Structures are given as structure tokens and as C-alpha cells.
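Raw coords_20.cif, mmCIF, C-alpha atoms and all ligand atoms:
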```cif
data_protein
loop_
_atom_site.label_atom_id
_atom_site.label_comp_id
_atom_site.auth_asym_id
_atom_site.auth_seq_id
_atom_site.Cartn_x
_atom_site.Cartn_y
_atom_site.Cartn_z
CA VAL N 430 17.95 13.06 -8.02
CA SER N 431 16.15 15.17 -5.46
CA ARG N 432 14.98 13.95 -2.07
CA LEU N 433 11.43 14.08 -3.37
CA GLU N 434 12.37 11.93 -6.38
CA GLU N 435 14.25 9.49 -4.10
CA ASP N 436 11.21 9.21 -1.81
CA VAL N 437 8.88 8.54 -4.72
CA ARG N 438 11.11 5.84 -6.15
CA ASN N 439 11.25 4.21 -2.72
CA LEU N 440 7.44 4.41 -2.43
CA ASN N 441 7.04 2.73 -5.82
CA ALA N 442 9.15 -0.20 -4.59
CA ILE N 443 7.40 -0.44 -1.22
CA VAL N 444 3.93 -0.37 -2.81
CA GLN N 445 4.96 -3.17 -5.22
CA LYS N 446 5.99 -5.35 -2.30
CA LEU N 447 2.73 -4.60 -0.45
CA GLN N 448 0.71 -5.53 -3.45
CA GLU N 449 2.48 -8.90 -3.74
CA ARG N 450 2.06 -9.53 -0.02
CA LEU N 451 -1.64 -8.67 -0.23
CA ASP N 452 -2.13 -10.87 -3.26
CA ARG N 453 -0.53 -13.79 -1.51
CA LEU N 454 -2.66 -13.31 1.62
CA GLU N 455 -5.86 -13.05 -0.44
CA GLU N 456 -4.88 -16.36 -1.98
CA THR N 457 -3.85 -17.80 1.46
CA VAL N 458 -7.40 -16.94 2.69
CA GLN N 459 -8.96 -18.43 -0.39
CA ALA N 460 -7.05 -21.60 0.62
CA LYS N 461 -7.57 -23.36 -2.73
CA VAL K 430 2.06 16.88 -16.01
CA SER K 431 5.60 16.12 -14.89
CA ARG K 432 6.86 12.63 -14.18
CA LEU K 433 6.87 13.33 -10.48
CA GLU K 434 3.31 14.63 -10.51
CA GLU K 435 2.24 11.56 -12.46
CA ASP K 436 4.05 9.14 -10.17
CA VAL K 437 2.52 10.70 -7.07
CA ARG K 438 -1.10 10.69 -8.39
CA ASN K 439 -0.60 7.11 -9.59
CA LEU K 440 0.63 6.08 -6.11
CA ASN K 441 -2.39 7.76 -4.59
CA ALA K 442 -4.70 5.71 -6.81
CA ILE K 443 -2.86 2.47 -6.09
CA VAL K 444 -2.82 2.95 -2.30
CA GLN K 445 -6.57 3.68 -2.35
CA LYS K 446 -7.16 0.37 -4.12
CA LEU K 447 -4.87 -1.44 -1.65
CA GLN K 448 -6.78 0.05 1.27
CA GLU K 449 -10.07 -1.14 -0.23
CA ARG K 450 -8.70 -4.66 -0.85
CA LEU K 451 -7.41 -4.79 2.73
CA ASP K 452 -10.74 -3.62 4.13
CA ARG K 453 -12.44 -6.40 2.21
CA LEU K 454 -9.99 -9.12 3.19
CA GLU K 455 -10.15 -8.13 6.91
CA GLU K 456 -13.93 -8.47 6.77
CA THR K 457 -13.71 -11.79 4.92
CA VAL K 458 -11.33 -13.28 7.46
CA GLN K 459 -13.48 -12.12 10.39
CA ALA K 460 -16.59 -13.67 8.78
CA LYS K 461 -15.03 -17.02 7.95
CA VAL A 430 6.84 21.89 2.23
CA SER A 431 5.18 21.99 -1.18
CA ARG A 432 1.89 20.27 -2.00
CA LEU A 433 3.78 17.53 -3.82
CA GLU A 434 6.06 17.05 -0.81
CA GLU A 435 2.99 16.89 1.47
CA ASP A 436 1.37 14.27 -0.79
CA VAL A 437 4.56 12.18 -0.49
CA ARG A 438 4.54 12.60 3.32
CA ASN A 439 0.95 11.41 3.39
CA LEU A 440 1.78 8.44 1.14
CA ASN A 441 4.58 7.48 3.48
CA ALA A 442 2.09 7.51 6.39
CA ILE A 443 -0.53 5.55 4.48
CA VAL A 444 1.96 2.86 3.37
CA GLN A 445 3.12 2.46 6.97
CA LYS A 446 -0.50 1.90 8.04
CA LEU A 447 -1.05 -0.58 5.22
CA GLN A 448 2.06 -2.52 6.15
CA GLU A 449 0.82 -2.76 9.74
CA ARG A 450 -2.62 -3.87 8.63
CA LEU A 451 -1.09 -6.56 6.45
CA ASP A 452 1.15 -7.74 9.29
CA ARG A 453 -1.86 -8.02 11.65
CA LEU A 454 -3.99 -9.80 9.08
CA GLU A 455 -1.24 -12.30 8.22
CA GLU A 456 -0.95 -13.07 11.96
CA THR A 457 -4.71 -13.42 12.29
CA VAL A 458 -4.87 -15.82 9.42
CA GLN A 459 -1.96 -17.94 10.75
CA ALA A 460 -3.56 -18.08 14.26
CA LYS A 461 -7.17 -18.95 13.33
ZN ZN N 501 2.34 -12.60 -7.32
ZN ZN N 502 -2.14 -13.81 -7.35
ZN ZN N 503 -0.89 -16.96 -6.71
ZN ZN N 504 -1.37 8.01 -14.83
#
```
Whole structure given in C-alpha cells:
Amino acid sequence: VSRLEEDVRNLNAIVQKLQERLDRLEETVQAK
Amino acid sequence: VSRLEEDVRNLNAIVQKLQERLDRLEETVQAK
Amino acid sequence: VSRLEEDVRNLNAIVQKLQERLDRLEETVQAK
């Protein structure tokens, strides 16, 4: 696994966490 | 294209959408 | 640094900015 492949896998995981965080905040602002 | 090429262009598309959603939510919060 | 490596560098920078924006917006929402 090259450094480039390692970095991409890490980015996939980071972007998944950001998406969940964003989704939660959008719903926190909706305040249903 | 290779898996790495695919993963990188996919990440580019996702982060663009995240940026747009964040832009929108920032504006929404400010306007509330 | 190849093009693919540069795209990954730029994704790293973008995700850092997005994480910061999310942090600030979460704080804004909790404060307001
Ligand atoms: Zn969720
Ligand atoms: Zn949701
Ligand atoms: Zn939900
Ligand atoms: Zn694709």
C-alpha cells in the first residue's frame, strides 16, 4: 500500500465523518 | 481508470458538494 | 509530485478547511 493509497483511504474515512457531522448540524439547525 | 484515479475524482466531487452544503447552512444560520 | 499526488494534497487542504468551518458553525449554533 503506497503512501498515496494510504492517504486516499484516510481521506475517505475523514470525508465520511464530515458528512455525518454536517448532516447532524443541518438537522440541529432545522431543530424539529 | 484505476481505482486510485476513481477514488480521487470521487472525493473531489464529494468535497465540492460538502462545501456547497456548508455555504448554504452558514447562510441559513446567519439569517435565522 | 505527480498530478494525482497534488490532487490528494489539495484534498487534504480542503478537508482541513471544511473541518474548521464545521467547528465554527457548530459553535455558532450552540451560542445563538
Ligand atoms: Zn447520520
Ligand atoms: Zn440525516
Ligand atoms: Zn437524523
Ligand atoms: Zn465514480
Would you kindly return, as a PyMOL selection string, each protein, DNA or RNA residue with an atom no farther than 12 Å from any atom of residue 445 (chain N), considering all atoms listed in the file and excluding same-chain residues fewer than 4 positions away? (chain N and resi 438-441+449-452) or (chain K and resi 440+443-444+447) or (chain A and resi 444+448)
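A straight line drawn from CA of residue 460 (chain N) to atom ZN of ligand ZN 503 (chain N) is 10.6 Å long.
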Grab the Cα RMSD for chain K fitted onto chain N, all atoms paired in sequence order, one decimal please. 1.2 Å
Contacts with ligand ZN 503 (chain N) at most 9 Å, all atoms listed in the file counted, listed as a PyMOL selection string: chain N and resi 452-453+455-457
Which of these, A:442, A:437, A:461, A:430, has the shortest distance to chain N once you count all atoms listed in the file? A:437
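Between CA of residue 433 (chain N) and CA of residue 432 (chain K) there is a distance of 11.8 Å.
Between CA of residue 436 (chain N) and CA of residue 446 (chain K) the interatomic distance comes to 20.5 Å.
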